[PDB]
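First come two forms of one protein chain, each written alone as structure tokens, so that there is a structure 1 and a structure 2.
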Structure 1
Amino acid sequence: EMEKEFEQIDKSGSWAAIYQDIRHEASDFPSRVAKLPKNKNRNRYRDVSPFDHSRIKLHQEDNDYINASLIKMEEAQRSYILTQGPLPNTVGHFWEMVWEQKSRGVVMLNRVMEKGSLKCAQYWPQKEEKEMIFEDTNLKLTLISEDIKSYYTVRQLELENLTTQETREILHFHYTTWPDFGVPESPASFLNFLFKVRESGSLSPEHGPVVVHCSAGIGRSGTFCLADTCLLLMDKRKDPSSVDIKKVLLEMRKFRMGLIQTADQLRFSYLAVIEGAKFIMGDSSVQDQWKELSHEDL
């Protein structure tokens, strides 16, 4: 039982030790393509790279490299693409990836400016009438509508392959109050957001993997995917006790380094999963309680 483990860790005050255990046990796979000289300006952080074996390849012949990883959760039957916040020179690559991987949703967990610094390029249009054209990858992106809540915004975007004139609807889910190296304000606000993503169909198997990012695509991004996968696993057999959060996180870290960047993000992950279990185990009313507690209106 995660809940009993939680209290044990809390009482002994050992979150930092548990977290360091995870760091020491985590997989170490090569990331040679990320470290090629020609890719230096495609990485935002020198010490965050995709492993070679799980990296997403762009379907282009010039340079197929993007700092993005496929996190394929076999037992849960859900995949995610985790990526860094795109750079000015990789915004075209970013949308190329979305197109090629057939994703329906993009989950953004950071602000463009955080702690006085630019953490992400402004990679989507903010006004309907000012669409973006990415000339390197032959794609056009138009804002269709937006739904602004108090701590997150949902945007409907239209992505068009200019070569073929096919179009796709992309949903952009922007969490705007989640601090860098920090945690959401509450389990309720995070779970309300996660369920909003789930209820859009973006995580569904008929679509490509959802794209999840923050600035580096490991800390906040890891917390989002860890909670989702743990809840899905529980949903499968209706058996909360069958889920070992730490082992799930280590599996995920087989596909991208560094997932969950602080011991407090780990602790938040437990809280979110424990609370989300109420819904999975049949108390549907808790969804509405989270909406109210999140104070999303205005």
Structure 2
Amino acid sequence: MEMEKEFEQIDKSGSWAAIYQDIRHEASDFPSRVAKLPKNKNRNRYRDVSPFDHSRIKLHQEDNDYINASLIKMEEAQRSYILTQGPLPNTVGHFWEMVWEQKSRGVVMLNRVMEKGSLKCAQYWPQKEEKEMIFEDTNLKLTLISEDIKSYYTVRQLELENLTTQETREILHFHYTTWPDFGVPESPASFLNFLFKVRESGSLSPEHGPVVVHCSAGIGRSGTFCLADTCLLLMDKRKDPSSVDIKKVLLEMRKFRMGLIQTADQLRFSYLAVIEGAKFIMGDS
């Protein structure tokens, strides 16, 4: 079926939970043996969210190459994403090592450091120009260059230096700051505006390594971001945009990381975002 009318048909019939449970039943199951080794316990935030072995990002280290991060490679859309958990106190150096080694331009953050009164990720970037951060375990230096605070998101320019070679690179930090503590946003307008700002920066383009996107576990909000982006790109590429099947795209992405889209409300919100976005790309919003 088309998307917008499939959407109203699920609303009128109130069957979002059944649709979402079907997706959970059909999703791929691949091994995640490296994630479960005892030496990696303090490298995982949640015991039930792990990268598959076949798609995990490897650090360029011989001691321990493990990080909780996955490469999502979308062949028809010609887009790749790295989805990862929010960094832990003992993985902030690994996180920036990955950004460096994978040649990423941008980092997309979809959570606040504290939500619901609890810590959701480490404070892993510097908050003042004159107070830079040094990660001694991976030999990197990180400096805040500029910060632009807007009503729904903040963009930061960061300098990452490999202290071993003295090479430097500019990284863009795109921080969506207004996702609610509970539930999903009422309107997708600010989330779509944010997606378009990431696109306009070059951070999703083939002349760079894959964007790094995270929330707390790296599957819920993070899944919504890449699912919406890929579906909109396919609608632009194909002769028949109504052929884009958001459930099929989501199942394809779940071949590369488990659990993407965590609730039926996140699934409905993803439909809403693609539907509204497809009107702005052309003229009927």
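By convention here, residues take numbers in order along the sequence of structure 1, the first being 1. Only residues modelled in both forms are compared. Under this definition, the rigid core comprises the largest set of C-alpha atoms superposing within 1.5 Å between the forms.
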Item to check | Which of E146, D180, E100, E158 is displaced between the two structures by 2 angstroms or more at its C-alpha, rigid core aligned | outcome: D180
Next on the checklist: Core superposed first: is there a CA shift of 2 Å or greater at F279 between the two structures?
Outcome noted: yes
Next on the checklist: Given the rigid core as reference frame, how large is the C-alpha shift of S242 between the two structures? Answer in angstrom.
Outcome noted: 1.9
Item to check | Consecutive stretches, 3 or more residues long, displaced between the two structures (C-alpha shift of at least 2 Å once the core is aligned) | outcome: 179-182, 237-240, 279-284
